[PDB]
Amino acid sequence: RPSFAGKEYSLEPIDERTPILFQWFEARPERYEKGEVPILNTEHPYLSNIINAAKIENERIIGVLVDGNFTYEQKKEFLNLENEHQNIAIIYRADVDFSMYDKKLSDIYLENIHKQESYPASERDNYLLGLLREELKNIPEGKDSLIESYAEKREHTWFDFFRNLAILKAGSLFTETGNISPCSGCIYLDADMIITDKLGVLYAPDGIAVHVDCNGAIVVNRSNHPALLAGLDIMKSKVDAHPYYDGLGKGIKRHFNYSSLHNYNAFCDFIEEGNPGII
């Protein structure tokens, strides 16, 4: 049985019923010519990979979590794609309930402000405290929300933050639209990946495996997997908190009790996600 940091874990299976999830967060949808689904499809055949995956895995649902200021015409191009390939679900980030994961931005800053203020004045770190208080004061009115603050960003931490939250939701991300249980896992794939014939059943230590760093893939055997909740917990306590490096990497590392005493190549070997069907 799989083991790491001295502790043993079961190799949990991920059903052939498990949905597959892609993500496309588009900061300039107005660059796409009229009549095209606003997913990059050049050199980078992301829209083709997604369509191909839904072709191959005919017994699964292939979701694409999308976000960006898409026009009426682009939204109708999405519905046309759903109507062609009838196992592709286009899920808009703004229609998803993420409320169970949120936390006020002010409480994250306040908890860190209080932590720094509790050191004796000779060690206090007043420059950091000045940076923290300025961030607390500049929280926009009515947007005192960890999730809302990432919803309005438009660079790659926008994508990264909601990738983590989508995999937390896993099966429940699909069922809360309109087969799959809210408690089932998901297979998250980067859009640059090509499936070459079906995946079958997957196996993951403690129900999670990843092909990512700390061509990505994350697989979980259930929603609200504890290794992703560990990363959420860092997003809720650490002001800097990068969604990828902290919300994904450090979280999964902390869940498995990884430390500087361990070998990253051993950890990687232990958590790795590989399949011969995925190029």
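The numbering used is simple: start at 1 and walk along the sequence shown.
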query	finding
Residues of the deposited sequence left unbuilt between residue 179 and residue 178	4 to 9
Deposited-sequence gap flanked by residue 214 and residue 215	4 to 9
Between 168 to 176 and 194 to 202 (mean CA B-factor, as deposited), the higher	194 to 202
Between 23 to 31 and 218 to 226 (mean CA B-factor, as deposited), the higher	23 to 31
Candidate set 160, 141, 102, 123 [ranked by C-alpha B-factor, highest]	123
Selection by C-alpha B-factor (highest) of 248, 210, 51, 234	51
Residue 106 - Cα temperature factor, lowest/middle/highest third of chain	lowest
Chain third (lowest, middle, highest) by recorded CA B-factor, residue given as residue 132	lowest
Third of the chain, ranked by Cα B-factor, where residue 93 sits	lowest
Position of residue 45 among the chain's modelled residues by C-alpha B-factor, lowest, middle or highest third	highest
Lowest, middle or highest third - CA B-factor, residue 119	highest
